[PDB]
file input-v1.txt (compact mmCIF, N, CA and C atoms)
# COMPACT_ATOMS: atom_id res chain seq x y z
N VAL Z 1 -0.51 29.67 -22.93
CA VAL Z 1 -1.79 29.14 -23.47
C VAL Z 1 -2.44 28.21 -22.49
N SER Z 2 -3.62 27.65 -22.88
CA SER Z 2 -4.56 27.04 -21.98
C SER Z 2 -4.00 25.70 -21.61
N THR Z 3 -3.91 25.45 -20.29
CA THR Z 3 -3.44 24.21 -19.70
C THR Z 3 -4.20 23.01 -20.19
N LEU Z 4 -3.49 21.87 -20.25
CA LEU Z 4 -4.04 20.60 -20.63
C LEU Z 4 -4.75 19.99 -19.45
N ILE Z 5 -5.59 18.97 -19.73
CA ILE Z 5 -6.51 18.38 -18.79
C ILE Z 5 -6.01 17.11 -18.08
N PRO Z 6 -4.86 16.43 -18.31
CA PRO Z 6 -4.33 15.39 -17.43
C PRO Z 6 -4.24 15.55 -15.93
N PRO Z 7 -3.97 16.66 -15.24
CA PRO Z 7 -3.67 16.62 -13.81
C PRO Z 7 -4.89 16.30 -12.99
N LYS Z 8 -6.07 16.47 -13.61
CA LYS Z 8 -7.35 16.40 -12.98
C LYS Z 8 -8.04 15.14 -13.42
N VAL Z 9 -7.28 14.18 -14.00
CA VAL Z 9 -7.78 12.92 -14.50
C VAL Z 9 -6.91 11.90 -13.80
N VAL Z 10 -7.53 10.96 -13.05
CA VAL Z 10 -6.85 9.88 -12.37
C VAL Z 10 -7.84 8.77 -12.45
N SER Z 11 -7.38 7.54 -12.79
CA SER Z 11 -8.28 6.44 -13.03
C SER Z 11 -7.50 5.18 -13.30
N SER Z 12 -6.15 5.21 -13.24
CA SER Z 12 -5.39 4.01 -13.49
C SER Z 12 -4.12 4.03 -12.69
N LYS Z 13 -4.15 4.73 -11.53
CA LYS Z 13 -3.11 4.66 -10.54
C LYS Z 13 -3.39 3.45 -9.66
N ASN Z 14 -4.61 2.88 -9.78
CA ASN Z 14 -5.12 1.84 -8.93
C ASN Z 14 -4.78 0.48 -9.50
N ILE Z 15 -4.12 0.44 -10.67
CA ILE Z 15 -3.51 -0.76 -11.19
C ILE Z 15 -2.07 -0.41 -11.42
N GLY Z 16 -1.72 0.88 -11.22
CA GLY Z 16 -0.51 1.46 -11.73
C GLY Z 16 0.65 1.15 -10.86
N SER Z 17 0.40 0.73 -9.61
CA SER Z 17 1.45 0.42 -8.69
C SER Z 17 1.17 -0.91 -8.06
N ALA Z 18 2.25 -1.51 -7.54
CA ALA Z 18 2.31 -2.83 -6.97
C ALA Z 18 1.49 -2.98 -5.71
N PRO Z 19 1.36 -2.02 -4.76
CA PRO Z 19 0.63 -2.26 -3.53
C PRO Z 19 -0.85 -2.35 -3.75
N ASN Z 20 -1.37 -2.04 -4.96
CA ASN Z 20 -2.75 -2.29 -5.32
C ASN Z 20 -3.09 -3.75 -5.25
N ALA Z 21 -2.18 -4.62 -5.76
CA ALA Z 21 -2.31 -6.06 -5.71
C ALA Z 21 -2.35 -6.56 -4.29
N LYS Z 22 -1.45 -6.02 -3.44
CA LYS Z 22 -1.37 -6.34 -2.04
C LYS Z 22 -2.56 -5.85 -1.29
N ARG Z 23 -3.08 -4.67 -1.67
CA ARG Z 23 -4.23 -4.05 -1.09
C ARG Z 23 -5.42 -4.93 -1.24
N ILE Z 24 -5.69 -5.42 -2.47
CA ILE Z 24 -6.86 -6.23 -2.73
C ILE Z 24 -6.75 -7.59 -2.10
N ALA Z 25 -5.51 -8.02 -1.78
CA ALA Z 25 -5.26 -9.20 -1.00
C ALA Z 25 -5.61 -8.99 0.45
N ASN Z 26 -5.13 -7.88 1.05
CA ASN Z 26 -5.15 -7.68 2.48
C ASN Z 26 -6.41 -6.98 2.92
N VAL Z 27 -7.29 -6.54 1.98
CA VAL Z 27 -8.64 -6.15 2.33
C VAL Z 27 -9.48 -7.36 2.56
N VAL Z 28 -9.14 -8.51 1.94
CA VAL Z 28 -9.90 -9.72 2.12
C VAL Z 28 -9.34 -10.40 3.33
N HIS Z 29 -8.00 -10.57 3.37
CA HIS Z 29 -7.33 -11.24 4.45
C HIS Z 29 -7.55 -10.51 5.74
N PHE Z 30 -7.43 -9.17 5.71
CA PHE Z 30 -7.53 -8.38 6.91
C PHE Z 30 -8.71 -7.49 6.71
N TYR Z 31 -9.78 -7.89 7.42
CA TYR Z 31 -11.13 -7.39 7.39
C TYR Z 31 -11.91 -8.58 7.89
N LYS Z 32 -11.46 -9.80 7.51
CA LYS Z 32 -12.09 -11.05 7.86
C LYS Z 32 -11.10 -11.86 8.64
N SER Z 33 -9.98 -11.21 9.04
CA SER Z 33 -8.99 -11.74 9.92
C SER Z 33 -9.58 -11.98 11.28
N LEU Z 34 -9.12 -13.05 11.95
CA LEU Z 34 -9.49 -13.34 13.31
C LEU Z 34 -8.37 -12.80 14.14
N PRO Z 35 -8.55 -12.50 15.43
CA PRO Z 35 -7.49 -11.93 16.24
C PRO Z 35 -6.42 -12.96 16.47
N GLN Z 36 -6.83 -14.25 16.51
CA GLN Z 36 -6.01 -15.37 16.86
C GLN Z 36 -6.51 -16.51 16.02
N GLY Z 37 -5.63 -17.49 15.70
CA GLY Z 37 -5.95 -18.67 14.93
C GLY Z 37 -6.81 -19.61 15.76
N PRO Z 38 -7.34 -20.70 15.19
CA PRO Z 38 -8.21 -21.64 15.89
C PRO Z 38 -7.50 -22.60 16.84
N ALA Z 39 -6.63 -23.55 16.36
CA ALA Z 39 -6.19 -24.62 17.25
C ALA Z 39 -4.85 -25.25 16.90
N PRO Z 40 -4.13 -25.74 17.93
CA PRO Z 40 -2.83 -26.37 17.78
C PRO Z 40 -3.05 -27.86 18.02
N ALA Z 41 -4.21 -28.42 17.58
CA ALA Z 41 -4.69 -29.76 17.84
C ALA Z 41 -5.12 -29.96 19.27
N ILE Z 42 -6.19 -30.77 19.48
CA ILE Z 42 -6.87 -30.86 20.75
C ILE Z 42 -7.70 -32.12 20.84
N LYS Z 43 -7.98 -32.79 19.69
CA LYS Z 43 -8.79 -33.99 19.67
C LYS Z 43 -7.93 -35.20 19.83
N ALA Z 44 -8.44 -36.14 20.67
CA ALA Z 44 -7.92 -37.46 20.91
C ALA Z 44 -8.64 -37.95 22.14
N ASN Z 45 -9.77 -37.30 22.50
CA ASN Z 45 -10.52 -37.51 23.72
C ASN Z 45 -11.03 -38.92 23.90
N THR Z 46 -10.88 -39.42 25.16
CA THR Z 46 -11.36 -40.66 25.73
C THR Z 46 -10.50 -40.85 26.98
N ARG Z 47 -9.97 -39.72 27.52
CA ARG Z 47 -9.03 -39.65 28.62
C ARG Z 47 -7.67 -39.81 28.02
N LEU Z 48 -7.57 -39.38 26.74
CA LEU Z 48 -6.39 -39.43 25.92
C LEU Z 48 -6.27 -38.14 25.17
N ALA Z 49 -7.25 -37.20 25.32
CA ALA Z 49 -7.06 -35.85 24.82
C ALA Z 49 -6.09 -35.18 25.74
N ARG Z 50 -6.05 -35.64 27.02
CA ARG Z 50 -5.07 -35.28 28.01
C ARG Z 50 -3.70 -35.81 27.69
N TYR Z 51 -3.60 -37.04 27.12
CA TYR Z 51 -2.33 -37.64 26.74
C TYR Z 51 -1.65 -36.85 25.65
N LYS Z 52 -2.43 -36.45 24.63
CA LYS Z 52 -2.01 -35.63 23.54
C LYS Z 52 -1.71 -34.24 24.02
N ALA Z 53 -2.51 -33.72 24.98
CA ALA Z 53 -2.38 -32.37 25.47
C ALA Z 53 -1.12 -32.18 26.25
N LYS Z 54 -0.69 -33.22 26.99
CA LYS Z 54 0.47 -33.14 27.82
C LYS Z 54 1.71 -33.40 27.04
N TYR Z 55 1.63 -34.19 25.95
CA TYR Z 55 2.82 -34.72 25.35
C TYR Z 55 3.01 -34.32 23.91
N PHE Z 56 1.91 -34.21 23.14
CA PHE Z 56 1.95 -34.06 21.70
C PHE Z 56 1.34 -32.75 21.32
N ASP Z 57 1.40 -31.75 22.24
CA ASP Z 57 1.07 -30.38 21.94
C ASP Z 57 2.34 -29.67 21.62
N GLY Z 58 2.19 -28.40 21.19
CA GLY Z 58 3.25 -27.47 20.89
C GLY Z 58 3.97 -27.06 22.14
N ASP Z 59 3.38 -27.35 23.32
CA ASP Z 59 3.91 -27.03 24.63
C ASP Z 59 5.24 -27.71 24.81
N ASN Z 60 5.35 -29.00 24.41
CA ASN Z 60 6.61 -29.69 24.54
C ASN Z 60 6.63 -30.89 23.65
N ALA Z 61 7.86 -31.26 23.23
CA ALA Z 61 8.19 -32.53 22.67
C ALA Z 61 9.26 -33.03 23.58
N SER Z 62 8.93 -34.09 24.34
CA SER Z 62 9.78 -34.65 25.35
C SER Z 62 9.60 -36.12 25.22
N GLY Z 63 10.47 -36.91 25.90
CA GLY Z 63 10.55 -38.34 25.73
C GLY Z 63 9.49 -39.13 26.46
N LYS Z 64 8.64 -38.48 27.28
CA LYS Z 64 7.54 -39.11 27.99
C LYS Z 64 6.51 -39.89 27.16
N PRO Z 65 5.98 -39.44 26.02
CA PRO Z 65 5.09 -40.21 25.18
C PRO Z 65 5.77 -41.37 24.56
N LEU Z 66 7.05 -41.20 24.15
CA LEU Z 66 7.88 -42.24 23.60
C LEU Z 66 7.98 -43.42 24.52
N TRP Z 67 8.32 -43.17 25.80
CA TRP Z 67 8.36 -44.14 26.86
C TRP Z 67 7.04 -44.83 27.01
N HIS Z 68 5.94 -44.04 27.06
CA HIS Z 68 4.60 -44.55 27.16
C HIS Z 68 4.22 -45.44 26.00
N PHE Z 69 4.54 -45.02 24.76
CA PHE Z 69 4.21 -45.74 23.56
C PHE Z 69 4.99 -47.03 23.45
N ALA Z 70 6.27 -47.00 23.89
CA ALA Z 70 7.12 -48.16 23.93
C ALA Z 70 6.58 -49.21 24.86
N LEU Z 71 6.14 -48.76 26.05
CA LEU Z 71 5.69 -49.59 27.13
C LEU Z 71 4.43 -50.34 26.79
N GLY Z 72 3.56 -49.79 25.91
CA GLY Z 72 2.35 -50.45 25.47
C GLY Z 72 2.63 -51.71 24.70
N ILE Z 73 3.65 -51.66 23.81
CA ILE Z 73 4.05 -52.77 22.99
C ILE Z 73 4.79 -53.79 23.82
N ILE Z 74 5.57 -53.34 24.83
CA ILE Z 74 6.27 -54.20 25.77
C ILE Z 74 5.30 -54.99 26.60
N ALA Z 75 4.14 -54.39 26.96
CA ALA Z 75 3.14 -54.99 27.80
C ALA Z 75 2.37 -56.04 27.07
N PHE Z 76 2.40 -55.99 25.72
CA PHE Z 76 1.62 -56.84 24.88
C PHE Z 76 2.43 -58.09 24.83
N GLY Z 77 3.67 -58.00 24.33
CA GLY Z 77 4.50 -59.16 24.15
C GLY Z 77 4.99 -59.77 25.44
N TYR Z 78 5.14 -58.99 26.54
CA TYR Z 78 5.59 -59.54 27.81
C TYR Z 78 4.56 -60.47 28.41
N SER Z 79 3.27 -60.09 28.35
CA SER Z 79 2.17 -60.95 28.76
C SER Z 79 2.06 -62.19 27.91
N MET Z 80 2.30 -62.02 26.59
CA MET Z 80 2.27 -63.06 25.60
C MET Z 80 3.41 -64.02 25.71
N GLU Z 81 4.55 -63.58 26.30
CA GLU Z 81 5.67 -64.42 26.64
C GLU Z 81 5.24 -65.53 27.54
N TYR Z 82 4.47 -65.20 28.59
CA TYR Z 82 3.92 -66.17 29.50
C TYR Z 82 2.76 -66.92 28.90
N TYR Z 83 2.22 -66.45 27.75
CA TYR Z 83 1.26 -67.20 26.98
C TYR Z 83 1.99 -68.20 26.10
N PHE Z 84 3.30 -67.97 25.84
CA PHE Z 84 4.13 -68.82 25.01
C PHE Z 84 5.05 -69.67 25.86
N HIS Z 85 4.99 -69.54 27.20
CA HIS Z 85 6.01 -70.11 28.06
C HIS Z 85 5.33 -70.40 29.40
N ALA V 1 -3.32 40.08 -6.81
CA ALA V 1 -2.26 40.59 -7.71
C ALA V 1 -1.99 39.63 -8.83
N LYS V 2 -1.00 39.95 -9.69
CA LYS V 2 -0.52 39.06 -10.73
C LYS V 2 0.27 37.94 -10.10
N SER V 3 0.87 38.24 -8.92
CA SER V 3 1.71 37.35 -8.17
C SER V 3 0.94 36.18 -7.62
N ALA V 4 -0.38 36.34 -7.35
CA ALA V 4 -1.24 35.25 -6.95
C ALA V 4 -1.36 34.21 -8.03
N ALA V 5 -1.63 34.67 -9.28
CA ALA V 5 -1.73 33.85 -10.46
C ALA V 5 -0.46 33.10 -10.72
N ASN V 6 0.70 33.79 -10.56
CA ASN V 6 2.00 33.26 -10.90
C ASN V 6 2.53 32.33 -9.85
N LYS V 7 2.20 32.59 -8.56
CA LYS V 7 2.57 31.75 -7.44
C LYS V 7 1.86 30.45 -7.50
N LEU V 8 0.56 30.49 -7.88
CA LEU V 8 -0.24 29.31 -8.02
C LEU V 8 0.25 28.54 -9.21
N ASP V 9 0.67 29.24 -10.29
CA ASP V 9 1.25 28.64 -11.47
C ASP V 9 2.51 27.86 -11.20
N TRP V 10 3.51 28.45 -10.50
CA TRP V 10 4.80 27.81 -10.31
C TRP V 10 4.74 26.74 -9.26
N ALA V 11 3.83 26.90 -8.27
CA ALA V 11 3.52 25.90 -7.29
C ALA V 11 2.94 24.69 -7.94
N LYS V 12 2.02 24.91 -8.91
CA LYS V 12 1.43 23.90 -9.76
C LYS V 12 2.36 23.27 -10.74
N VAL V 13 3.45 23.95 -11.16
CA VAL V 13 4.47 23.36 -12.00
C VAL V 13 5.16 22.32 -11.17
N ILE V 14 5.49 22.67 -9.91
CA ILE V 14 6.12 21.79 -8.95
C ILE V 14 5.15 20.75 -8.38
N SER V 15 3.82 20.97 -8.45
CA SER V 15 2.85 19.92 -8.22
C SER V 15 2.76 18.98 -9.38
N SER V 16 2.91 19.53 -10.61
CA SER V 16 2.93 18.78 -11.84
C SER V 16 4.15 17.93 -11.91
N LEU V 17 5.28 18.33 -11.27
CA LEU V 17 6.38 17.46 -10.93
C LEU V 17 5.98 16.19 -10.21
N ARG V 18 4.98 16.27 -9.30
CA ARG V 18 4.58 15.16 -8.48
C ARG V 18 3.49 14.36 -9.14
N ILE V 19 3.28 14.53 -10.47
CA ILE V 19 2.34 13.73 -11.23
C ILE V 19 2.93 13.55 -12.61
N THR V 20 2.90 12.32 -13.17
CA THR V 20 3.48 12.04 -14.47
C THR V 20 2.34 11.73 -15.40
N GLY V 21 2.59 11.81 -16.73
CA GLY V 21 1.57 11.67 -17.74
C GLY V 21 0.87 12.99 -17.86
N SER V 22 1.66 14.08 -17.72
CA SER V 22 1.19 15.43 -17.75
C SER V 22 2.45 16.20 -18.00
N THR V 23 3.09 15.89 -19.15
CA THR V 23 4.45 16.30 -19.44
C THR V 23 4.42 17.55 -20.29
N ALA V 24 3.22 18.07 -20.64
CA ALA V 24 3.13 19.23 -21.51
C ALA V 24 2.09 20.17 -20.97
N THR V 25 1.51 19.87 -19.79
CA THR V 25 0.57 20.74 -19.11
C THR V 25 1.31 21.95 -18.61
N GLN V 26 2.49 21.70 -18.01
CA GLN V 26 3.40 22.70 -17.49
C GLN V 26 4.00 23.56 -18.57
N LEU V 27 4.13 23.03 -19.81
CA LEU V 27 4.63 23.78 -20.94
C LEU V 27 3.61 24.79 -21.42
N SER V 28 2.31 24.46 -21.30
CA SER V 28 1.22 25.37 -21.58
C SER V 28 1.18 26.48 -20.56
N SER V 29 1.43 26.12 -19.27
CA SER V 29 1.49 27.04 -18.15
C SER V 29 2.63 28.02 -18.31
N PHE V 30 3.79 27.54 -18.81
CA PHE V 30 4.95 28.34 -19.10
C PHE V 30 4.67 29.38 -20.15
N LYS V 31 3.89 29.00 -21.20
CA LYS V 31 3.43 29.87 -22.25
C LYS V 31 2.52 30.94 -21.74
N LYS V 32 1.63 30.59 -20.79
CA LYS V 32 0.74 31.53 -20.15
C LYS V 32 1.49 32.55 -19.33
N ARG V 33 2.57 32.11 -18.64
CA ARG V 33 3.48 32.99 -17.94
C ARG V 33 4.20 33.95 -18.83
N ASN V 34 4.65 33.45 -20.01
CA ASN V 34 5.38 34.20 -21.01
C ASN V 34 4.58 35.36 -21.49
N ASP V 35 3.34 35.08 -21.98
CA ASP V 35 2.48 36.08 -22.56
C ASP V 35 1.96 37.03 -21.51
N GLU V 36 1.85 36.58 -20.23
CA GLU V 36 1.48 37.44 -19.13
C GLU V 36 2.55 38.47 -18.88
N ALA V 37 3.82 38.02 -18.90
CA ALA V 37 4.98 38.87 -18.83
C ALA V 37 5.13 39.74 -20.05
N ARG V 38 4.59 39.31 -21.21
CA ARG V 38 4.65 40.05 -22.45
C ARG V 38 3.72 41.21 -22.41
N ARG V 39 2.51 41.05 -21.81
CA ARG V 39 1.52 42.10 -21.88
C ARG V 39 1.89 43.23 -20.98
N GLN V 40 2.65 42.95 -19.89
CA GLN V 40 3.07 44.03 -19.03
C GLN V 40 4.15 44.83 -19.69
N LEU V 41 5.10 44.19 -20.43
CA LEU V 41 6.12 44.93 -21.14
C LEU V 41 5.59 45.62 -22.37
N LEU V 42 4.51 45.09 -22.97
CA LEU V 42 3.78 45.70 -24.05
C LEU V 42 3.22 47.01 -23.56
N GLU V 43 2.63 46.97 -22.36
CA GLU V 43 1.98 48.09 -21.73
C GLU V 43 2.96 49.12 -21.24
N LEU V 44 4.18 48.71 -20.87
CA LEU V 44 5.20 49.61 -20.39
C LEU V 44 5.89 50.27 -21.55
N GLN V 45 5.83 49.65 -22.75
CA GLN V 45 6.54 50.12 -23.92
C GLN V 45 5.82 51.31 -24.50
N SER V 46 4.49 51.33 -24.29
CA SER V 46 3.49 52.22 -24.79
C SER V 46 3.92 53.63 -25.14
N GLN V 47 3.41 54.10 -26.30
CA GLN V 47 3.40 55.48 -26.66
C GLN V 47 1.94 55.83 -26.45
N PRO V 48 1.55 56.64 -25.45
CA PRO V 48 0.23 57.27 -25.32
C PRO V 48 -0.38 57.75 -26.60
N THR V 49 -1.69 57.45 -26.82
CA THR V 49 -2.38 57.52 -28.09
C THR V 49 -2.30 58.90 -28.70
N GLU V 50 -2.52 59.94 -27.85
CA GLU V 50 -2.55 61.33 -28.22
C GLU V 50 -1.21 61.82 -28.69
N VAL V 51 -1.24 62.81 -29.62
CA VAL V 51 -0.07 63.53 -30.05
C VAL V 51 0.18 64.60 -29.05
N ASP V 52 1.45 65.06 -28.95
CA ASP V 52 1.82 66.11 -28.04
C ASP V 52 1.58 67.35 -28.83
N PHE V 53 0.89 68.32 -28.22
CA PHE V 53 0.41 69.46 -28.94
C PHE V 53 0.48 70.62 -27.98
N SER V 54 0.96 70.37 -26.75
CA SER V 54 1.14 71.40 -25.76
C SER V 54 2.46 72.00 -26.13
N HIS V 55 3.51 71.18 -26.00
CA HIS V 55 4.82 71.55 -26.42
C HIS V 55 4.95 71.31 -27.89
N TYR V 56 4.67 70.09 -28.39
CA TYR V 56 5.23 69.69 -29.66
C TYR V 56 4.43 70.23 -30.83

call {"tool": "encode", "arguments": {"input": "input-v1.txt", "output": "structure tokens"}}
result
Amino acid sequence: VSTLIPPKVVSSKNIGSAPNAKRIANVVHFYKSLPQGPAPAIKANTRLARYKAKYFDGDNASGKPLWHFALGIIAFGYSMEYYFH
Amino acid sequence: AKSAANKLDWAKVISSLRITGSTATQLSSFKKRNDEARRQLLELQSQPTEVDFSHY
């Protein structure tokens, strides 16, 4: 007898599976995606964007800024020692 | 041929395998196959309409 009409009806496979949710996510995310992100920090300029760039970038974490930062406070109180003495 | 109809039918039963929510479409198709097979055996069973009057 005469075949039923379901095989030629589709209209809820688009909620029917899980990658639909991911699809509607990644059509927004990827379509308006940039090839590369914006920045790993770069502001501190006054001849100190260089200080941050050399020391406090993702390029390295090394003891050089620590030494520098320590020395600033040492220079304050060391001069003040002779202001107190 | 009849084999075109039936090949497309059984191929479609196995396509209907690859789609769910169509669990009785194939059962209708099976019925169509049955009666198609029935009409050929109906036709082979046949007693020709005319009486035999040459010999009989």

call {"tool": "interface_residues", "arguments": {"input": "input-v1.txt", "of": "chain V", "to": "chain Z", "cutoff": "6 Å", "atoms": "all atoms listed in the file", "output": "JSON, numbers by chain"}}
result
{"V": [21, 22, 24, 25, 28, 29, 30, 31, 32, 33]}

call {"tool": "atom_distance", "arguments": {"input": "input-v1.txt", "atom1": "atom N of residue 38 in chain V", "atom2": "CA of residue 2 in chain V"}}
result
11.7 Å

call {"tool": "closest_residue", "arguments": {"input": "input-v1.txt", "among": "Z:66, Z:21, Z:73, Z:53", "to": "residue 41 in chain Z", "atoms": "only N, CA and C atoms"}}
result
Z:53

call {"tool": "select_by_dssp", "arguments": {"input": "input-v1.txt", "residues": "chain Z", "states": "alpha helix (DSSP H)", "output": "ChimeraX atom specification"}}
result
/Z:19-29,49-55,64-81

call {"tool": "atom_distance", "arguments": {"input": "input-v1.txt", "atom1": "CA of residue 57 in chain Z", "atom2": "atom N of residue 29 in chain Z"}}
result
28.6 Å

call {"tool": "atom_distance", "arguments": {"input": "input-v1.txt", "atom1": "atom C of residue 16 in chain V", "atom2": "CA of residue 23 in chain Z"}}
result
25.9 Å

call {"tool": "closest_residue", "arguments": {"input": "input-v1.txt", "among": "V:39, V:53, V:6, V:19", "to": "residue 10 in chain Z", "atoms": "only C-alpha atoms"}}
result
V:19

call {"tool": "residues_around", "arguments": {"input": "input-v1.txt", "residues": "residue 55 in chain Z", "least_positions_apart": "3", "cutoff": "12 Å", "atoms": "only C-alpha atoms", "output": "ChimeraX atom specification"}}
result
/Z:41-42,44,48-52,58-69
